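Novice: Chains as they are written, first to last, in the working numbering: chain A, 1 to 518; chain B, 519 to 621; chain C, 622 to 1139; chain D, 1140 to 1242; chain E, 1243 to 1337; chain F, 1338 to 1432.
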Amino acid sequence: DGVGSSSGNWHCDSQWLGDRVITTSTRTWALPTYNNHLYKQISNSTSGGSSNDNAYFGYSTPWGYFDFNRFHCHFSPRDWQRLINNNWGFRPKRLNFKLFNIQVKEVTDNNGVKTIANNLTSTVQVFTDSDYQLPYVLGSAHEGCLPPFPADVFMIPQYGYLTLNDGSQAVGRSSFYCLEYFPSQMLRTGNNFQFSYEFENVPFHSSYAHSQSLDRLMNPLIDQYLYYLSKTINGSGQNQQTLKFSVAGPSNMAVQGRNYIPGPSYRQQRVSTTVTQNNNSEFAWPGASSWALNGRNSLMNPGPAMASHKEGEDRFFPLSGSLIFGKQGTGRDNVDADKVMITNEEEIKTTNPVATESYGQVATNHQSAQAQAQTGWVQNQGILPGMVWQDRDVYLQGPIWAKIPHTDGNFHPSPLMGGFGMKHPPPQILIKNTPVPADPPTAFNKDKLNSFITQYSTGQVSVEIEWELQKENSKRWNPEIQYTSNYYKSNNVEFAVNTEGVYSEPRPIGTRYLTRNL
Amino acid sequence: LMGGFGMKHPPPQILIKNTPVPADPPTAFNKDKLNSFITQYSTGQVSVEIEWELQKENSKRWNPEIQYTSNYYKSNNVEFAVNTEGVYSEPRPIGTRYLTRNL
Amino acid sequence: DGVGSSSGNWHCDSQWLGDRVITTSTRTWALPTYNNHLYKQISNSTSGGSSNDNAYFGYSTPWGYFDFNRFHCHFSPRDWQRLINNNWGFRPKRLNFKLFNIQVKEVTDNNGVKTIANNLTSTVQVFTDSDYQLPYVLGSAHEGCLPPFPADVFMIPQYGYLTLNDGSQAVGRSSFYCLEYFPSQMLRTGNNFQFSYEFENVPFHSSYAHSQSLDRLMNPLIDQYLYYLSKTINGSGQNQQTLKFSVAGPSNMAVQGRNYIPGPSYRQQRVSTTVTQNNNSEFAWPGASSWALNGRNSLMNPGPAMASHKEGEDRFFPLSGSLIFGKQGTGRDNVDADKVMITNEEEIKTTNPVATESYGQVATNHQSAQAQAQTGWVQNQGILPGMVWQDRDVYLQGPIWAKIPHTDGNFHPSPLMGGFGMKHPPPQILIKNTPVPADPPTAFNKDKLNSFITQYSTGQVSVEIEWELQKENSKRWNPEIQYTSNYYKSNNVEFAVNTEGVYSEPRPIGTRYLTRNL
Amino acid sequence: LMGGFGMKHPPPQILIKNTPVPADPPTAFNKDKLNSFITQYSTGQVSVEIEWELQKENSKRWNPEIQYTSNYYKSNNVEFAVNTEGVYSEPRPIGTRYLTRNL
Amino acid sequence: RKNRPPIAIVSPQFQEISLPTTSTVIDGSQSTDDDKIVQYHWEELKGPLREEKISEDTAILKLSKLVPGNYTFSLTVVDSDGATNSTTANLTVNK
Amino acid sequence: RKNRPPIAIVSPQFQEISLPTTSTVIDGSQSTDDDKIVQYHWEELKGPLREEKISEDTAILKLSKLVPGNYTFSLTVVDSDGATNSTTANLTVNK
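Laid out in C-alpha cells, this is it:
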C-alpha cells in the first residue's frame, strides 16, 4: 500500500485441470501521454484526404486501453499444441484482470538531455467500461495487444472511436463521448486495479476437422429407396423423349437424395500465389467481393466461412476471404507474398463451399419442346433451411472474441474473423495518465491550462482467463493428424527468440486437427 | 414485414353481430328460412387498455440526441389537432427510431 | 339506480351554524350538443377579423361545464344580508357538488315538427378536472353560472380555451387539449355524479369598512416628539434663507411622521356619470389605463384595488377601475348608463388611493440657490415597504374565486376582480352529451361518422359550499351602517320576481358595511 | 437577478492557500518578517457532487412540446465537443424553459 | 394563405376641436385583420402648412401644436401577407 | 469551409490489353477528397471512332466491345463544395 512495497506479483503460469485450463499471463506496459491530454476530432480531412469508401469522422481520446483479444496473449505455443491436439472444443469461462506495480515517471528535457525522474505523487486513472456505454474498438483486429512473448514490454494503444459522418462532416446524430464522464479509479504508485468478468454462454469452438464429407454421408453399399430422373431421351433421334427413372445408389452417389446442404456462400476472386498464373491487370480492388453500406463500398475481408480451395490446389487463396498475418519484422505497406502468412481454411471443405467457386447451378427457365434446359450459376447463396456450415478457425495470433452489435436482429453472430461472438464481451479497460500542470501563472487566467508536465507511466498487467475444454472421445482406429514441431536441424528453434532476442511466431497455427465425423 | 410484433397467438379476433330479429312470420307455416327482418343497427362504447413494457435509455453519449419535436412556428392549425371543421388530421408518420444506440 | 327512481333530491337550504354557514344550492340545467360533437379551432380569422389587441387563437370543445363562481349561485339576498351585516369576514371551507336526475332527450324534426322523445339508453359523460391539467376558464367573469334564482332553468356554457398565437396563427408551443383524453364518467338516466372538494387556506375576505383613516391614525391631543422643516425662508427679502423646524402635532396633522402609507396606485381616467361634465371627444379607449403584453395592449379593468372617488363626488367613476354589472334585461352592446350597475369601491378610501387621482408628489430635482424646489406627480406607484392596502370588495353578483396562474412568482394573489385567489380552486366540472350515431352505412366507410342523432340532456345540479365566518366583536358605541331593504311602497319587491316572473337583482350589494378601525 | 437560487446560507466559500515555505533565514536574528520564500505551487484533484431534486412533468397537453434537440445536419465539429485542437466549446447558451405549463 | 385584406377602422371619422386644445387623438388601433396588422401608417392630405407634417406609425395617433384649418389623414394598415387597406380620417380645428 | 480541392487517382495509369479481352477496368474509386466526392466523371479524348462513346459516371470504369487503337480517358471528380480535379488515364489495346 506504500511506495516501497510492490502491489502485485508476476503470475504467468498456465495450469491444465480435468475439464478446464486457467491461462494466466502477465506483461509490462508503458503508457505515454496521448494527444497531450486533449480530445481531438479526427477525419479524413485531418488525415489529408481519403476516398469516399475510406471517409470517416471520429475522435481521438487521450486514453489508452488494454486489449488482450488475441490468442497468443494467453497461450504459449506449447499450450496451444496441448489444446488443439487433445480437445474437440474450448470456450472462455471467466477472466481476472489485474493492474499493479504502477510507477509514473516524469521526464525533463530542459537542457537537451532527457532525465526521466520518478513522480511518486502523480496518479494514473484506469476504469473498465463494464456497461458497454462506449464504442467497442476491441474485436476490430487491431494492434497493441499484450505481446505473444512474456519477456518484452509493450506500449498501450491510443483509444479513438469513429462515429457517423456524411463525408468528413458530422451528421447531427454522431455522438461524442467524454471518457472523463466515467467514474475512474485514480491509482498512485502504491495502488492497484483488478476486476473479474464472467464470459457469456458462447458455444464451444469447433476445434476439430470433419472426417466425413457432407455429400458422402451414407452407406456406400446399400442403395436408396428413392428414384431420380436418369434419362430424358431414349435415343438420338428427333422425337425421342422419355422419362426414365433409375434408383440412386452407390453406383451414382452424386444424384441421390440428401437431407442437408452445404453452408452459405459469397464468392471471392481466386488469386494464385504463383503470380504467373494470375491476370496481368490490377484486379486487387476492382475484382473484389464487397458489400455496400450507405453508398460507400467496403471489402468483405474475410466474409462467411468458406473453404479456401479445392483439394490439391494449395496455391489459390480467396482475394479477401482469408486472414493474412504478418511475419516478424514485416512492414505495413506492400510487402512481398513471402513476408505474410495466409491462413488456409480448407479443414471446413467438408461442409462449407469453396470460397473461390460458385455455390452451384440453378434452373433459369422452363424447358419445353422449343427451349433447352437452361441453367445458371449461383455465385452467392444466402441461408436456406437444412444448410449446415462451420465457422472460421481461431488461430494462435487471431482474435478471441467480438461484440455482437446491438441490433434488432442478427443471424449466427459468430465473428467472421473467428472467435466467440458475445453480446457482453470483456469490458474495455481504459487507462490514462492524469494531467499534471507545470506552472500556472501567478495571475488568474480563465483559459484551460495548456502547459503540462511531460510524463509517462509504466507497470505490470496480469490477465487470467479460465477456458472450458471439450475432451475427445472418438472410436477412430488410425492415428489423427496432430500439430508437431518438425524434428530437423534449423538455425533457430521455431516459436523462440533468435540471436537478437526478437521472438517470432513462424506460422499461423489453427485448431482443426482432430477429426470428428458429421 | 410491415413492422410490429409477430406473435403465434396475437390478440384474439373480437367478432360482434346484431342478432337478427324477424319482422312478421306468416300466420301459416313456411319451411323456408325467414327473409324479412327488422332493419336495425347497434351502437355503444368500446374500451381497450394495453400495458406496454418499456426499455429505458442508459447511454453515456455526451452531445444531445435527435428527438421528436413539434416545430415552433406559427401555422394555421396546430398539428395533430382538429381544424375549423373539427376533422382531426395526423400530419406526418412518426417513427420510433430517434434515440441513438451504437452497435 | 333505475330509470324510474330518482337519483337525488332537491336540496336548496342554507343553514347558519355557530361559526360557519353551509349554503346548499340546486338548479335545473339543459345541456345542448355543442359543435356537433366536434373540436374546432377558433381565431379572430374565424370570427371575421379582429384587431391586434383582440387577436386570439384557441379551440372550442363540444364540452359544457359547470361554473358556480358567482356569489348569488349560493347566497340568497337575505343570506347575503345576514352575512355582511353581522360578520367581519368569511371564506369557503369545502364544497360538495352533486349531479343527479339526469335525463337525455332525443329530438326528431323529420316532418317539420320537432318531437322530443326520451333516450333511456343514451348517456352523458361528466368529469372533473381535479389535477388542473386543462385551461382554467373559470374566474374569467364569464356567464353561464347557476342562476341567482332557484326556480329558473339555465343552459350549460360551452367549454372553449385560448392558447398562444402570433396573430391568428398558432406558434409551435400552443397546446391542443382533447377532453376525451381524460377519464370521464358515463351516466345513464339512472346514474349520478358527485364529488367533494376542500378549499385552500385562503384569508378571510375583509367584509368590513374601516372606521379610521390611514393618515388619521394618532392621538389628536398630544403632539409628536418629532420635528418637521416648517420654514425655509424667514422673510420676503432676497438673501433670507433659514431652516426653521417646528414640532408636528395636532395643529398640523398633515406633516407629522407616519409609520405606514397608502397602498399602490395605477391611475385611471375620471369619467363622470353626468355626461355634460366629460370631454366632448371619444376618450373611451384612447384615455384608458392599459398594460401591454407581447405587444398587444389590454385594458386594466379593473386593476389594483383603489378607492373610486373622493368623498362627496359620487358621480365620478374610474374609466375601467370598477366592476360594472348589467341590470335585468340589459343588452350586450352600447347600453345607456342607467341600464348598468357601476360598483363603488369607496369603502377602502381609508387605506387605498383614489383610482382617479395620482398617488402623490415626488421631488424631481436638487434645489439650490439657482433652481427652485421642483416636484413631480406620481401617477402610478408600485409596492413600497410599509404600504397597507385593502382588496377589492366581493359582491353578490361578483366572482368568488380565481386560479393563481402557475408562475415562478406573484405578489398578493388576490384576484383583481375580487374574491379568493387559490392555487388549486374548485376543479372544472366538464359535461358532454355522448355522441350517438344515427345510421352507419351497411358497407364499411373509413371516414368518421358525421350523422349523429340530434339530442340534448337535462337534469339537476346541486352545489353546497361551507363558508367559515369571522364574527364581529367591536366596542363601538353608536350603531353601524347595515344593509336594509328600504321600507317604501314600490311596484315590485326588490330581489324578487315581477308580474312576468323574471327575477331581478336591483343593485350590486357589497360586503363592507360593518366598521373596523385600523 | 442573474438567475439561480437566492440563499441566505449558500454553499460556503472554500478557501485554499499554499503554506509559505521560507528559503533561508539568516544565521543571525532579524526581527523583520521573512521575505524570501521558496517559489512553489500546488496541484491536485477536486470533486464536488450536488444532489438536485426534480419536478416531473404531468401535463394533459396533446400536441408535442418544444424540446432541446441537437440538429441533425452535417457540420465540421460536433457541437458541445472538442475540435481538432482539443479545445472544448459550448456553442450556445441553453436555457431551461422548454416544456410548457399553462398559467 | 388566401388571407383577407385588413380593414382600417378610425374611431373618430369627424374629429372636432377648438384652438385652445390642439392636442387631439385619432384612434386606429381598432383596425381589424384576419391575422394581425404589422404596420399602421398615418399620412395627412388636406393638412395646411404648419411647423411639421405627420407620417407617424403608431396605431393610435397623437397630435400636437395644431393650427386652425382643415385636416385630412389617411390610415394605411398592412396585413402580415402584404394586403393593405387605407381609410381616411377628418379633423377640423376652429379659430 | 476552406475546402481543399479533390484529387483524382486512377489506379491504372497505363492500361495494357490485347484484342481478345476487350472488357477492361479503370479504377477511379481511389480518388481522395477532404470531405467526399459527389461525382466521378469519365470522358475519353483519344478514343478512335467506335460503336459508342463513354461518359459514364461510375467511380470504377467498366469498358466493353473495344476495338484496336489508343484510348485516353480523363476522370473528373467533384468536391462537395464544387472544386474539381481532372486526371487522365491511358489504355492501349493491341491487334
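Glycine is no exception: its CB is placed at the ideal position from the N, C-alpha and C atoms.
Is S628 (chain C) near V1084 (chain C), with beta carbons less than 8 Å apart?
Specialist: Going by C-beta atoms, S628 (chain C) is not nearer than 8 Å to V1084 (chain C).
Novice: Would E346 (chain A) and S320 (chain A) be called neighbours here (beta carbons separated by less than 8 Å)?
Specialist: Contact flag unset, no.
Novice: Count the other C-beta atoms from every protein chain shown that fall within 10 angstroms of the C-beta of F866 (chain C), then say buried if there are 16 or more, exposed otherwise.
Specialist: Exposed.
Novice: Which residues in chain C have a C-beta closer than 7 Å to the C-beta of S593 (chain B)? List them in chain order.
Specialist: Those are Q790 and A791, listed as they occur along chain C.
Novice: Going by alpha carbons, who is nearest to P1061 (chain C) out of B:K592, B:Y559, B:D542 and B:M525?
Specialist: For the residues B:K592, B:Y559, B:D542 and B:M525, the minimum Cα distance to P1061 (chain C) belongs to B:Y559.
Novice: Nearest to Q390 (chain A) by alpha carbon, out of A:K339, A:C145 and A:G303?
Specialist: When only C-alpha atoms are compared, the closest one is A:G303.
Novice: Taking Cβ-Cβ distances below 8 Å as the criterion, which residues of the segment 593-616 of chain B are in contact with chain C?
Specialist: Against chain C - using a Cβ distance shorter than 8 Å - the residues of the segment 593-616 of chain B are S593, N594, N595, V596, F598, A599, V600, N601, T602, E603, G604, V605 and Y606.
Novice: Give a yes or no on whether the C-beta atoms belonging to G679 (chain C) and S588 (chain B) are separated by under 8 Å.
Specialist: No.
Novice: Report buried or exposed for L1017 (chain C), applying the criterion of at least 16 other Cβ atoms within 10 angstroms of its Cβ.
Specialist: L1017 (chain C) is buried by the Cβ-count criterion.
Novice: Which of the three DSSP states, helix, strand or coil, is assigned to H72 (chain A)?
Specialist: The answer is helix: DSSP assigns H72 (chain A) an H, G or I state.
Novice: Could you check where the alpha helix (DSSP H) with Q224 (chain A) kicks off and where it finishes?
Specialist: No alpha helix (DSSP H) contains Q224 (chain A), which DSSP labels as neither H nor E.
Novice: Give the single residue among C:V983, C:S795 and C:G1122 whose Cα lies nearest to the Cα of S593 (chain B).
Specialist: It is C:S795.
Novice: What are the start and end residues of the alpha helix (DSSP H) that includes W650 (chain C)?
Specialist: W650 (chain C) -> not in any alpha helix (DSSP H); beta strand (DSSP E) instead, spanning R641 to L652.
Novice: Show which residues of chain C have a CB atom less than 7 Å away from the CB atom of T561 (chain B).
Specialist: Those are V1057 and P1058, listed as they occur along chain C.
Novice: Nearest CA to the CA of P1254 (chain E): which residue from E:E1285, E:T1266 and E:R1243?
Specialist: Considering only alpha carbons, the answer is E:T1266.
Novice: Quick one, which residues of the segment 1197-1209 of chain D are near chain A if we go by CB-CB under 9 Å, in chain order?
Specialist: So the close ones are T1208 and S1209.
Novice: Using a Cβ-Cβ cut-off of 8 Å, state whether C633 (chain C) counts as contacting chain D.
Specialist: So no, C633 (chain C) is outside the interface.
Novice: Taking a contact to mean a Cβ-Cβ separation below 8 Å, would you say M1043 (chain C) touches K1024 (chain C) in this structure?
Specialist: Cβ atoms of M1043 (chain C) and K1024 (chain C): closer than 8 Å.
Novice: Output the distance between the C-alpha atoms of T123 (chain A) and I342 (chain A), rounded to the nearest integer angstrom.
Specialist: If I take the Cα positions, the gap works out to 43 Å.
Novice: Name the chain H residues that come within less than 8 Å of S174 (chain A), Cβ to Cβ?
Specialist: Of the chains in the structure shown, none is chain H; the protein chains are A, B, C, D, E and F.
Novice: Output needed for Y677 (chain C): all residues of its chain with C-beta closer than 7 Å, excluding positions within five of it in sequence on either side, in chain order.
Specialist: If we look at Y677 (chain C) and ignore the five residues flanking it on each side, its Cβ neighbours are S664, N665, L783 and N786.
Novice: Taking contact to mean at least 3 C-beta pairs separated by less than 8 Å, is the segment 195-208 of chain A in contact with the segment 141-149 of chain A?
Specialist: Not touching, per the Cβ criterion.
Novice: Have a look at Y177 (chain A) and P262 (chain A) and give me their C-alpha separation to the nearest angstrom.
Specialist: About 44 Å.
Novice: My guess is that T356 (chain A) and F316 (chain A) are in contact by the Cβ rule of under 8 Å, so how many angstroms apart are they, rounded?
Specialist: Confirmed, about 6 Å.
Novice: Is the shortest distance between the beta-carbon of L659 (chain C) and the beta-carbons of chain D less than 8 Å?
Specialist: No, no contact with chain D.
Novice: Would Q982 (chain C) be called buried (16 or more neighbouring beta carbons within 10 Å of its own) or exposed?
Specialist: So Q982 (chain C) counts as exposed.
Novice: Return the chain-ordered list of same chain residues with a C-beta closer than 7 Å to the C-beta of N986 (chain C), the five sequence neighbours on each side being excluded.
Specialist: Here the set comprises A992 and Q995.
Novice: Could you please give the first and the last residue of the uninterrupted beta strand (DSSP E) stretch that includes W709 (chain C)?
Specialist: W709 (chain C) -> beta strand (DSSP E) spans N708 to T729.
Novice: To the nearest angstrom, report how far apart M807 (chain C) and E801 (chain C) are at their CA atoms.
Specialist: Looking at the two C-alpha atoms, the distance is approximately 12 Å.
Novice: Output needed for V642 (chain C): all residues of its chain with C-beta closer than 6 Å, excluding positions within five of it in sequence on either side, in chain order.
Specialist: Same-chain partners within the cutoff: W1088.
Novice: What is the DSSP secondary structure of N873 (chain C), counted as helix, strand or coil?
Specialist: Looking at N873 (chain C) - three-state DSSP - the assignment turns out to be helix.
Novice: With a threshold of 16 other CB atoms inside 10 Å of the CB of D688 (chain C), please say whether the residue is buried or exposed.
Specialist: Result: buried.
Novice: Per DSSP, what are the beta-bridge partners of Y818 (chain C) in this structure?
Specialist: C:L716.
Novice: Tell me, which residues are paired with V1082 (chain C) by DSSP?
Specialist: Answer by DSSP bridge pairing, in chain order: C:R648 and C:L720.
Novice: Just to confirm before moving on: does the CB-CB distance between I84 (chain A) and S211 (chain A) stay below 8 Å?
Specialist: Contact: no.
Novice: Answer yes if the segment 126-140 of chain A comes into contact with the segment 231-239 of chain A, meaning at least three C-beta pairs across the two stretches below 8 Å, and no otherwise.
Specialist: Touching, no, given that fewer than three Cβ pairs across the two stretches are closer than 8 Å.
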